[PDB]
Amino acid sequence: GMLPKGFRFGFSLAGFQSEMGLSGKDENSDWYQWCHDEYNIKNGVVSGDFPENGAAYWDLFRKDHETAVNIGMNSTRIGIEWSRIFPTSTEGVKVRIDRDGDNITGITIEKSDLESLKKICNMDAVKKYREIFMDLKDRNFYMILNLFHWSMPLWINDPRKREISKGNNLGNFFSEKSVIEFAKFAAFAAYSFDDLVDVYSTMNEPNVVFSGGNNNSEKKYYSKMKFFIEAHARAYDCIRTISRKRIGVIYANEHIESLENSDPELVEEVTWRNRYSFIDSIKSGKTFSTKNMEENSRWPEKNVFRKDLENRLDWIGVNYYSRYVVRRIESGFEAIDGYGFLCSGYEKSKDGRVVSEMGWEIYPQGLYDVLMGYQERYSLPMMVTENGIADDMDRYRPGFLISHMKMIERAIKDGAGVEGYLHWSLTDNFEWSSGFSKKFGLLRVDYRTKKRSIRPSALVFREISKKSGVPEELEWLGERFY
């Protein structure tokens, strides 16, 4: 047993991606409308697949939980859906919002506010989520409750009203109005589920959202990202008022590199822009300011301390899939096709590495490098909350799982405080704009019958969890991908 005893093995799940399929259809999300959009389908922006024809976890969760146990899983991260719990607006519940100029420095939810929020919530969704969380506790599951996962209620963001003349963007980013209602949602979820969860995550991969729709404007990027910082910190405070349990965030960690390691300073710049600028703000309170940016300037006013953002991060959820190689541009930087996530039309990467069915280069070395950078900068408890591959025939996933687990074992031995591993997709599910054709699951799903089928990777997973690490007789599987 290489990994420490108690190391968590499990799976991550997004509500929107896995819930619908049989009962409990939710048409009240902006992502649901994004997938049913006429322009988006005709112009190839989305696949035309529909989320309501999905894995039906809303009804089959007991079956999936037992299967998770049977393959050696003892933990999970489940994402609840804001659009399910509050189908209608919560703006009518007036709470206290403190502001220092444009800084949202505080939101306070009282017990009577929680009762008023319960009156307008969807009690059917709360009860079902409690049923899901109670079944997980019945099977001794360490439970990570993730509040937000990209999709928003239509009364928060409605893409149907948008006009394509001003850019075809989903628009699921935070404003001051959104932050206030998000704090009420965070408080209510802790008020509703705290006795059934272990830790909290305020949001999943917020950088995927605030990195888009900026028209290459760095000012719009840092300005939009500030609201996500405040969405996280205010969610943290409102949960902490109710719960004594730990609250963190789940981040998307593309491993930023330069070509043949020839530009260490550029990597430091982009790694700060894409990652540390956000985590620094909610961990130590050292954020930035957009007040003095001209529209064409690249960098923010740094060292802007905020006492209301300080110490609002208890743990870091590390999502990793591939790397991200960049070069210098007069504007700043650009990514290089043929490496990392930009391998769609590629057979092998420009480095000669295997490319997934999403067009993603397999690069387990980035996971170790991402974990070490997080450890060196923050020394916070960490959890690999997502890691997987689109692999219908399970050709690479066995070796993909082994090589990335070896990188976690090395990171731990090198000082990284990694407490568990959550593989992405226990079952195949709805992969956003790509639809159902991208199979990330350890279990394959027949979307007509909803039956789940074992891929051999699920059995390799059970062996890794049984042995508390990669046994020597399974190490050969990862050698192709180093």
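In this text, residue numbers run from 1 along the sequence as written.
- The PDB entry reports B-factors from which the mean C-alpha value can be compared for 346 to 354 and 184 to 192; the larger average falls on 346 to 354.
- As recorded in the PDB entry, 38 to 46 is the stretch of 429 to 437 and 38 to 46 with the greater mean C-alpha temperature factor.
- Taking the deposited Cα B-factors for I80, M405, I109, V384, the highest one is held by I109.
- When the C-alpha B-factors of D391, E254, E330, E230 are ranked from the entry, the top spot goes to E330.
- The PDB entry assigns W272 a C-alpha temperature factor belonging to the middle third of its chain's modelled residues.
- Remark: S322 belongs to the lowest third of its chain, ranked by C-alpha B-factor as recorded.
- Per-chain ranking of the deposited C-alpha B factor places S284 in the highest third.
- Per the PDB record, residue ranking by Cα B-factor puts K245 in the middle third of the chain.
- The entry lists a Cα temperature factor for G469 that places it in the highest third of the chain's modelled residues.
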